[PDB]
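Only one chain is shown below, in structure tokens, and it's the form deposited in one PDB entry.
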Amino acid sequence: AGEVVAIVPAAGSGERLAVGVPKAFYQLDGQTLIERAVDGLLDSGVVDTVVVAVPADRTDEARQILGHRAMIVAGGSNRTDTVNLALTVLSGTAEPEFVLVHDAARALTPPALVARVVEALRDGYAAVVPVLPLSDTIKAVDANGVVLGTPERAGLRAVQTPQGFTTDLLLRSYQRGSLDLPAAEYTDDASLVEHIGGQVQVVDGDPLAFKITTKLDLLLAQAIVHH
């Protein structure tokens, strides 16, 4: 009731980064990505509690790293499962008014970004997403590699995290709101809210909140923090 709780999905293994360790636990200039992501949230001064979802076998390590500044839970076999499992913790009697979902991969997210997202929830917006103008040309491509069209670019945005929701809205969306289809039902949380007719609002993202995915992303991160 005024209170902001942040869910941090960090239960992925980071296939495309290929760094011997599951991505979130990769060390970058001393601090692991999970630690950086968590610090990023707390330093906004507007996050009351962090729930971090990590791989089942890394429960202890996470606790050692983060100490008292985040609750630990085991993640699932895809991002949706993980956010679902984390949502369990935020149930009944004493549920917070607001939830943030924040990718651990976006480990250089400025606290200023978190602040803006929360500011928008406090203004009455049920769902909030940080966004950036498009940098490359985007083409819709079918399954053969054939271009189906070049989407008109002005009404398009690249979306980031943390995404903010009123808890009850996010909860509905994940629960049965997943009628849908079999497994991994999306990396993007606002999608689920849209599936059930929720209205998602947009705020300025930040280039620093990019998702560390490939070695090339890692290099930019190293460059950003070593300076």
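Take the two forms, find the largest set of C-alpha atoms that superpose within 1.5 Å, and that set is the rigid core. Heads up: residue numbers just count along the shown sequence, starting at 1.
In what follows, reference is made to the form deposited in another entry, a form of this protein that is not presented.
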task: Classify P111 as shifted (yes) or not shifted (no) between this form and the one not shown, where shifted means its C-alpha moves by 2 Å or more with the rigid core superposed.
output: no
- prompt: For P130, is the CA shift between this form and the one not shown at least 2 Å following rigid-core superposition?
  reply: no
query: Core aligned, does the CA of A120 move at least 2 Å between this form and the one not shown?
result: no
